[PDB]
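Taking it in order: structure first as structure tokens, then the write-up.
What follows is calculated from the coordinates using simple rules that are stated; it is not laboratory data. Don't worry about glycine lacking a Cβ; one is built from the backbone with ideal geometry, like all the others, and counts go over all protein chains shown.
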Amino acid sequence: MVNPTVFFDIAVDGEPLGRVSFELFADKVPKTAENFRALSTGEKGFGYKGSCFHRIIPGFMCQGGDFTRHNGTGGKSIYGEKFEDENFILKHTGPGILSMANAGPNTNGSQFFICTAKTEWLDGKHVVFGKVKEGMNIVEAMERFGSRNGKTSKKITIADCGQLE
Ligand SMILES: Nc1cccnc1Cl
């Protein structure tokens, strides 16, 4: 009934930075939200702990969740290698939106991105499934390690992650 909350404990070259928490919109996109929740707890035997934000573009997004190839070519969902676009009810309205990365229609895996700007050209193409709850300051700090081309100047990792409540 209550949308779940998950956290990421972020590190910068192995040094702790802070916590980002997310509300997952299970009420609107249950299949998508459940995939991110399970990858955040690791309860399927795989997920986000230890992975990297491999592409960070200030004034756009921070992207991660490639736990199999570490660079934006990999990842897998709890349902199989890929799963369908569940719906496009939610839009990319501003900083803090959490949305699925993809490589075409119906190719969702594990990769996701946190918006740091409104990205409305992504509406109807990427599935929105959550938002930052606490720690947008930590996202902003992450964002400073990115670059125009997305290569980070320090390694930004999810040192720990799981479900709150
Ligand atoms: N394989 C895949 C999945 C999600 C986003 N981008 C890619 Cl290339």
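Numbers for the structure displayed
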| quantity | calculated |
| --- | --- |
| Separation of the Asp123 and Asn137 label points, Cα + 7 Å toward Cβ, nm | 3.2 |
| Mean Cβ count within 10 Å, highest first, over the residues of peptides 97-103, 74-80 | 97-103, 74-80 |
| Coil-residue trypsin sites (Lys or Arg not before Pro) of the stretch 117-161, DSSP, other Cβ within 10 Å capped at 10 | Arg148 |
| Choice from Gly96, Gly45, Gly64 showing the highest fluctuation, given a GNM over the chain with Cα pairs closer than 10 Å | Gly45 |
| Cα-based Rg and Dmax for the chain, where Dmax is the largest Cα-Cα distance (Å) | 14.1, 41 |
| Entries of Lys49/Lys91; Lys91/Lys125; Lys91/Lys155; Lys44/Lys133; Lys82/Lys125; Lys31/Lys76 with Cα pairs more than 18 Å apart | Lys49/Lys91; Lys91/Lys155; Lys44/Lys133 |
| Burial ordering of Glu86, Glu134, fewest other beta-carbon atoms within 10 Å first | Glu134, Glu86 |
